[PDB]
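Chemist: Here you go, one structure.
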Amino acid sequence: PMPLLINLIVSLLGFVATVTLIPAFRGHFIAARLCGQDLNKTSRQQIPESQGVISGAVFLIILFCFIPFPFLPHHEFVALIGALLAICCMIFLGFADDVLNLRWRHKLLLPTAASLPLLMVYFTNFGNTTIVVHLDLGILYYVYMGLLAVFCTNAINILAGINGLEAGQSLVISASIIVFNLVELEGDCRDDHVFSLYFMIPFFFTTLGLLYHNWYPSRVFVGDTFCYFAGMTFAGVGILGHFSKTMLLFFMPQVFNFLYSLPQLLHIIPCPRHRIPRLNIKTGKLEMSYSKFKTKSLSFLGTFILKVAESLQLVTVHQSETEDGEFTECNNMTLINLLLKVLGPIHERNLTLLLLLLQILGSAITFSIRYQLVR
């Protein structure tokens, strides 16, 4: 593990670099108007946004320096430069979307745009287009790879709204991939897991440096730049490491949160501006958020999904009648608000930690399935 040693050293220098640079560039983001208030806090102070650009930049420089060490044969090098191009492009287009706030339709095209070098590397390095249930997907396999980048970013991005969640969930996911890579390094696929480690170790330590400042009480915000960055690094290693299926199982709390959010996101059930919990100033803890709307304006499909989700004991429905008419106060559909439905009001630092623990539980479940640990 001669290049893995060098990779671990540069990753630790990168942790120190992220911890040091994030407060150094604070002034620049504030002056750039790249800052906002922490909605779940009584404090009206502006906190710098998109700090995922600094940890993402540190990540790139770390790996740019690392590039000659695995070699010091081009088939594994093409994937290394190719994966770095896809990730770099994503950190770029991610930060551009943060700064410019592009339309949701253009936002979904950005990950497929940046994932193109991985698809081309998989094409030139003759990647297995076949899948095991034995079915050759061919063109539909490249559509999967293209949509994998789009998924991971938005899956992380829609499971957010509380300090240290986005960086924290990514640390559990990247640490799970590190553990999995190490176990599978000993035999069989050594090349596919040594490659994945080369990106996961620097991703873990740069994110650690970011979480140092994002963790409760949030000093900085990670921004959509970090979600874009994280999403592509995970899609990158999963695609070129061929463990995309195993990797998507580490995305279990995200897969649930996405599908539970889907009726609100698609506006089948009314969706407000912010579906984040409401902080009770007297309590100090975070309480559930609600989406009240007219019952007559609601669609037949929307009335069905909301009634099935109520019968499944997932959504709290509160009926009311005013002078304007009859309105339905539906619970905001997200894993954060569902945890407050089940466990009552929870403080922000404990609520994130609980979702991080939930992320650990799912990873243990994945590992137990894959290595026979149920008994």
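So you can find residues: chains in the structure tokens are A, B, ... in the order shown, residues in each start at 1, and ligands are numbered from 1 in order.
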Write out as a ChimeraX atom specification all residues of stretch 126-282 of chain A that DSSP puts in strand (DSSP E or B) for this structure's backbone.
Modeler: /A:130-131,135-136,278-279
Chemist: Report as CSV the residues of stretch 17-70 of chain A within 10 Å of stretch 99-103 of chain A, each with its shortest atom pair and distance in Å (one decimal), using only C-alpha atoms, ordered by chain and increasing residue number.
Modeler:
residue,atom,partner,partner_atom,distance
A:32,CA,A:99,CA,9.5
A:33,CA,A:99,CA,9.4
A:34,CA,A:99,CA,7.4
A:49,CA,A:99,CA,9.7
A:50,CA,A:99,CA,8.6
Chemist: Would you write out those residues with N, CA and C atoms, as a PDB file, in the first residue's frame?
Modeler:
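Result written to selection_15.pdb:
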ATOM      1  N   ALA A  32     -18.933  39.063  -0.997  1.00  0.00           N
ATOM      2  CA  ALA A  32     -19.506  38.540  -2.243  1.00  0.00           C
ATOM      3  C   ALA A  32     -21.016  38.367  -2.147  1.00  0.00           C
ATOM      4  N   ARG A  33     -21.612  38.608  -0.960  1.00  0.00           N
ATOM      5  CA  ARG A  33     -23.040  38.440  -0.673  1.00  0.00           C
ATOM      6  C   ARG A  33     -23.413  36.945  -0.701  1.00  0.00           C
ATOM      7  N   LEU A  34     -22.392  36.074  -0.591  1.00  0.00           N
ATOM      8  CA  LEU A  34     -22.478  34.615  -0.541  1.00  0.00           C
ATOM      9  C   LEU A  34     -22.577  34.186   0.915  1.00  0.00           C
ATOM     10  N   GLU A  49     -21.965  31.120   2.912  1.00  0.00           N
ATOM     11  CA  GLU A  49     -22.581  30.047   2.151  1.00  0.00           C
ATOM     12  C   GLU A  49     -21.531  29.358   1.243  1.00  0.00           C
ATOM     13  N   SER A  50     -21.918  28.232   0.595  1.00  0.00           N
ATOM     14  CA  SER A  50     -21.154  27.471  -0.399  1.00  0.00           C
ATOM     15  C   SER A  50     -19.698  27.174   0.013  1.00  0.00           C
TER      16      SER A  50
END
Chemist: Need the shell around stretch 111-122 of chain A: protein/DNA/RNA residues with any atom at most 8 Å away, counting only C-alpha atoms. Skip same-chain ones fewer than 5 positions apart. Format as a list in words?
Modeler: residues 78, 79, 82, 83, 85, 86, 87, 89, 90, 93, 127, 142, 145, 146, 147, 149, 150, 153, 228, 232, 236, 239 and 240 of chain A
Chemist: Restrict the selected residues to N, CA, C and O atoms and save them as a JSON list (two decimals), in the first residue's frame.
Modeler:
[["chain", "number", "residue", "atom", "x", "y", "z"],
["A", 78, "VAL", "N", -6.36, 6.70, -16.84],
["A", 78, "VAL", "CA", -7.43, 7.31, -17.64],
["A", 78, "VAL", "C", -8.65, 7.51, -16.74],
["A", 78, "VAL", "O", -9.26, 8.58, -16.77],
["A", 79, "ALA", "N", -8.98, 6.51, -15.91],
["A", 79, "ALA", "CA", -10.08, 6.56, -14.97],
["A", 79, "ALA", "C", -9.80, 7.56, -13.85],
["A", 79, "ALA", "O", -10.73, 8.20, -13.38],
["A", 82, "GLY", "N", -10.00, 11.03, -15.64],
["A", 82, "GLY", "CA", -11.40, 11.04, -16.06],
["A", 82, "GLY", "C", -12.35, 11.30, -14.90],
["A", 82, "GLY", "O", -13.25, 12.14, -15.03],
["A", 83, "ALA", "N", -12.14, 10.60, -13.76],
["A", 83, "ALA", "CA", -12.96, 10.77, -12.56],
["A", 83, "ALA", "C", -12.74, 12.16, -11.96],
["A", 83, "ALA", "O", -13.69, 12.78, -11.48],
["A", 85, "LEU", "N", -11.89, 14.85, -13.68],
["A", 85, "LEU", "CA", -12.51, 15.79, -14.61],
["A", 85, "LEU", "C", -14.01, 15.90, -14.31],
["A", 85, "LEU", "O", -14.50, 17.01, -14.17],
["A", 86, "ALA", "N", -14.69, 14.75, -14.14],
["A", 86, "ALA", "CA", -16.11, 14.68, -13.81],
["A", 86, "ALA", "C", -16.42, 15.36, -12.48],
["A", 86, "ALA", "O", -17.37, 16.14, -12.42],
["A", 87, "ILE", "N", -15.60, 15.12, -11.43],
["A", 87, "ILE", "CA", -15.78, 15.71, -10.10],
["A", 87, "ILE", "C", -15.51, 17.22, -10.17],
["A", 87, "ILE", "O", -16.36, 17.98, -9.71],
["A", 89, "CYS", "N", -15.60, 19.30, -12.76],
["A", 89, "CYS", "CA", -16.66, 19.91, -13.55],
["A", 89, "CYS", "C", -17.90, 20.12, -12.70],
["A", 89, "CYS", "O", -18.56, 21.16, -12.80],
["A", 90, "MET", "N", -18.19, 19.14, -11.83],
["A", 90, "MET", "CA", -19.33, 19.16, -10.94],
["A", 90, "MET", "C", -19.17, 20.19, -9.83],
["A", 90, "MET", "O", -20.15, 20.85, -9.50],
["A", 93, "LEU", "N", -19.74, 23.54, -11.89],
["A", 93, "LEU", "CA", -21.13, 23.78, -12.29],
["A", 93, "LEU", "C", -22.04, 23.87, -11.07],
["A", 93, "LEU", "O", -23.04, 24.58, -11.12],
["A", 127, "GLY", "N", -16.21, -1.08, -20.70],
["A", 127, "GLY", "CA", -16.91, -1.43, -19.47],
["A", 127, "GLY", "C", -18.08, -2.36, -19.71],
["A", 127, "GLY", "O", -18.80, -2.22, -20.71],
["A", 142, "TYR", "N", -25.73, 3.16, -19.87],
["A", 142, "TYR", "CA", -25.10, 4.48, -19.90],
["A", 142, "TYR", "C", -26.08, 5.55, -19.41],
["A", 142, "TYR", "O", -25.64, 6.57, -18.87],
["A", 145, "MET", "N", -25.79, 5.32, -15.58],
["A", 145, "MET", "CA", -24.57, 6.02, -15.16],
["A", 145, "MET", "C", -24.77, 7.54, -15.19],
["A", 145, "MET", "O", -24.32, 8.23, -14.27],
["A", 146, "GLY", "N", -25.45, 8.03, -16.23],
["A", 146, "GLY", "CA", -25.77, 9.44, -16.39],
["A", 146, "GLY", "C", -26.71, 9.93, -15.31],
["A", 146, "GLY", "O", -26.50, 11.00, -14.74],
["A", 147, "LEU", "N", -27.73, 9.10, -14.97],
["A", 147, "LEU", "CA", -28.72, 9.44, -13.94],
["A", 147, "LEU", "C", -28.23, 9.15, -12.50],
["A", 147, "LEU", "O", -28.85, 9.62, -11.55],
["A", 149, "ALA", "N", -25.32, 10.21, -11.15],
["A", 149, "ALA", "CA", -24.75, 11.47, -10.67],
["A", 149, "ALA", "C", -25.87, 12.41, -10.18],
["A", 149, "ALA", "O", -25.77, 12.99, -9.09],
["A", 150, "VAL", "N", -26.96, 12.50, -10.99],
["A", 150, "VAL", "CA", -28.16, 13.31, -10.75],
["A", 150, "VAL", "C", -28.83, 12.85, -9.47],
["A", 150, "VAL", "O", -29.24, 13.68, -8.66],
["A", 153, "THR", "N", -26.46, 13.45, -5.88],
["A", 153, "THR", "CA", -26.41, 14.89, -5.53],
["A", 153, "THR", "C", -27.74, 15.34, -4.90],
["A", 153, "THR", "O", -27.75, 15.76, -3.75],
["A", 228, "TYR", "N", -23.45, 18.67, -4.80],
["A", 228, "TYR", "CA", -23.04, 18.39, -6.17],
["A", 228, "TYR", "C", -21.70, 17.64, -6.18],
["A", 228, "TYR", "O", -21.56, 16.63, -6.86],
["A", 232, "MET", "N", -21.27, 13.47, -7.05],
["A", 232, "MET", "CA", -20.42, 13.06, -8.18],
["A", 232, "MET", "C", -19.24, 12.20, -7.73],
["A", 232, "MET", "O", -18.81, 11.34, -8.49],
["A", 236, "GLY", "N", -18.93, 8.65, -9.09],
["A", 236, "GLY", "CA", -17.64, 8.42, -9.73],
["A", 236, "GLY", "C", -16.99, 7.12, -9.31],
["A", 236, "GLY", "O", -16.64, 6.30, -10.17],
["A", 239, "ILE", "N", -19.31, 3.89, -10.10],
["A", 239, "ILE", "CA", -19.32, 3.58, -11.54],
["A", 239, "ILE", "C", -18.00, 2.92, -11.98],
["A", 239, "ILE", "O", -18.03, 1.83, -12.58],
["A", 240, "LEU", "N", -16.85, 3.55, -11.68],
["A", 240, "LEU", "CA", -15.53, 3.06, -12.08],
["A", 240, "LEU", "C", -15.01, 1.92, -11.16],
["A", 240, "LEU", "O", -14.04, 1.25, -11.52]]
Chemist: Select, from A:308, A:303, A:191, A:30, the residue with the minimum atom-to-atom distance to residue A:73, counting only C-alpha atoms.
Modeler: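 Using only C-alpha atoms, the shortest distance to residue A:73 belongs to A:191.
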Chemist: For stretch 369-375 of chain A, please output as a PyMOL selection string all residues within 9 Å (counting only C-alpha atoms; exclusion window: fewer than 4 positions along the same chain).
Modeler: chain A and resi 246+364-365
Chemist: Can you pull out the residues contacting stretch 198-206 of chain A? Cut-off 6 Å, using only C-alpha atoms, and skip same-chain residues under 2 positions away; I want them as a PDB file with N, CA and C atoms, in the first residue's frame.
Modeler:
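Wrote it out as selection-v9.pdb, contents follow:
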ATOM      1  N   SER A  11      -4.188  13.574   2.389  1.00  0.00           N
ATOM      2  CA  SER A  11      -5.564  13.715   2.889  1.00  0.00           C
ATOM      3  C   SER A  11      -5.600  14.405   4.252  1.00  0.00           C
ATOM      4  N   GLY A  14      -4.722  17.956   3.773  1.00  0.00           N
ATOM      5  CA  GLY A  14      -5.937  18.516   3.199  1.00  0.00           C
ATOM      6  C   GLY A  14      -6.991  18.810   4.243  1.00  0.00           C
ATOM      7  N   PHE A  15      -7.021  18.009   5.333  1.00  0.00           N
ATOM      8  CA  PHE A  15      -7.947  18.238   6.438  1.00  0.00           C
ATOM      9  C   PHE A  15      -7.563  19.562   7.102  1.00  0.00           C
ATOM     10  N   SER A  55     -13.571  23.172   0.398  1.00  0.00           N
ATOM     11  CA  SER A  55     -13.189  21.777   0.655  1.00  0.00           C
ATOM     12  C   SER A  55     -13.065  21.014  -0.689  1.00  0.00           C
ATOM     13  N   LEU A 171     -20.101  11.822   5.338  1.00  0.00           N
ATOM     14  CA  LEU A 171     -18.992  11.232   6.082  1.00  0.00           C
ATOM     15  C   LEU A 171     -19.286   9.765   6.402  1.00  0.00           C
ATOM     16  N   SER A 174     -19.147   7.932   2.856  1.00  0.00           N
ATOM     17  CA  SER A 174     -17.756   7.784   2.402  1.00  0.00           C
ATOM     18  C   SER A 174     -16.951   6.849   3.321  1.00  0.00           C
ATOM     19  N   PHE A 195      -8.686   2.076  -6.295  1.00  0.00           N
ATOM     20  CA  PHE A 195      -9.070   3.259  -7.054  1.00  0.00           C
ATOM     21  C   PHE A 195     -10.095   4.058  -6.266  1.00  0.00           C
ATOM     22  N   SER A 196     -11.121   3.376  -5.713  1.00  0.00           N
ATOM     23  CA  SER A 196     -12.171   4.015  -4.925  1.00  0.00           C
ATOM     24  C   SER A 196     -11.609   4.662  -3.669  1.00  0.00           C
ATOM     25  N   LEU A 208     -14.483  16.388   6.634  1.00  0.00           N
ATOM     26  CA  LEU A 208     -14.255  16.449   8.081  1.00  0.00           C
ATOM     27  C   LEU A 208     -13.884  17.887   8.493  1.00  0.00           C
ATOM     28  N   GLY A 209     -12.991  18.514   7.716  1.00  0.00           N
ATOM     29  CA  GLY A 209     -12.560  19.895   7.900  1.00  0.00           C
ATOM     30  C   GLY A 209     -13.690  20.885   7.701  1.00  0.00           C
TER      31      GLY A 209
END
Chemist: Residues at most 8 Å from residue A:345, counting only C-alpha atoms, excluding those fewer than 5 positions away in the same chain, as a VMD selection string?
Modeler: chain A and resid 285 to 288 340
Chemist: Would you list the contacts of residue A:293 as a ChimeraX atom specification, taking every protein, DNA or RNA residue within 10 Å and counting only C-alpha atoms, but skipping same-chain residues closer than 3 positions in sequence?
Modeler: /A:269-272,290,296-298,326-330
Chemist: Would you write out those residues with N, CA, C and O atoms, as a compact mmCIF listing (two decimals), in the first residue's frame?
Modeler:
# COMPACT_ATOMS: atom_id res chain seq x y z
N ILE A 269 -49.44 16.93 -3.67
CA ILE A 269 -49.84 17.39 -2.35
C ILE A 269 -49.11 18.75 -2.16
O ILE A 269 -47.91 18.82 -2.43
N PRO A 270 -49.84 19.84 -1.78
CA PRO A 270 -49.22 21.17 -1.68
C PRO A 270 -47.91 21.24 -0.89
O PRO A 270 -47.80 20.69 0.21
N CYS A 271 -46.91 21.90 -1.50
CA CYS A 271 -45.56 22.06 -0.96
C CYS A 271 -45.26 23.55 -0.65
O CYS A 271 -45.33 24.38 -1.56
N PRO A 272 -44.90 23.89 0.61
CA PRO A 272 -44.55 25.29 0.90
C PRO A 272 -43.11 25.60 0.48
O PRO A 272 -42.42 24.71 -0.03
N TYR A 290 -45.83 22.38 8.93
CA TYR A 290 -47.06 21.97 8.25
C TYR A 290 -47.32 22.76 6.97
O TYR A 290 -46.85 23.89 6.82
N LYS A 296 -60.69 21.67 -1.67
CA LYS A 296 -61.37 21.65 -2.97
C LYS A 296 -60.37 21.75 -4.14
O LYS A 296 -60.60 21.15 -5.19
N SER A 297 -59.26 22.49 -3.95
CA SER A 297 -58.20 22.69 -4.95
C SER A 297 -57.34 21.43 -5.14
O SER A 297 -56.69 21.29 -6.18
N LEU A 298 -57.32 20.53 -4.13
CA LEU A 298 -56.55 19.28 -4.12
C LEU A 298 -57.08 18.29 -5.17
O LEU A 298 -58.29 18.13 -5.32
N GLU A 326 -63.10 25.56 3.90
CA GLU A 326 -62.48 24.42 4.59
C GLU A 326 -61.05 24.18 4.07
O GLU A 326 -60.83 24.12 2.86
N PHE A 327 -60.09 24.08 5.00
CA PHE A 327 -58.67 23.87 4.69
C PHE A 327 -58.11 22.65 5.42
O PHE A 327 -58.55 22.33 6.53
N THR A 328 -57.13 21.97 4.79
CA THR A 328 -56.47 20.78 5.33
C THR A 328 -55.00 21.10 5.65
O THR A 328 -54.24 21.49 4.75
N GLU A 329 -54.60 20.93 6.93
CA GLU A 329 -53.24 21.17 7.40
C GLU A 329 -52.47 19.85 7.45
O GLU A 329 -52.53 19.10 8.43
N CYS A 330 -51.76 19.56 6.35
CA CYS A 330 -50.97 18.35 6.14
C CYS A 330 -49.54 18.53 6.67
O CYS A 330 -48.97 19.61 6.54
Chemist: Quick one: pick out all helix (DSSP H, G or I) residues within stretch 217-341 of chain A from a backbone DSSP run and write them as a PyMOL selection string.
Modeler: chain A and resi 223-240+244-248+252-265+300-311+335-341
Chemist: Could you check how far atom CA of residue A:19 sits from atom CA of residue A:214, in Å to one decimal?
Modeler: 10.8 Å
Chemist: Please report the interatomic distance between atom CA of residue A:222 and atom CA of residue A:92 in Å with one decimal.
Modeler: 14.4 Å
Chemist: Tell me, in Å to one decimal, how far atom CA of residue A:126 is from atom CA of residue A:190.
Modeler: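 We find that atom CA of residue A:126 and atom CA of residue A:190 lie 18.5 Å from each other.
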Chemist: Pick out the closest residue to residue A:252 from this set: A:176, A:313, A:359, A:125. Count only C-alpha atoms.
Modeler: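 Distance minimum relative to residue A:252 lands on A:359.
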Chemist: Which is closest to residue A:98 among A:319, A:9, A:355, A:51, if we use only C-alpha atoms?
Modeler: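 Ranked by minimum distance to residue A:98, first place goes to A:51.
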Chemist: Using only C-alpha atoms, can you tell me which of A:109, A:43, A:233, A:242 comes closest to residue A:129?
Modeler: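 Under the stated criterion, the closest residue is A:242.
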Chemist: Of the candidates A:263, A:362, A:217, A:344, which shows the shortest atom-to-atom distance to residue A:247, using only C-alpha atoms?
Modeler: A:362
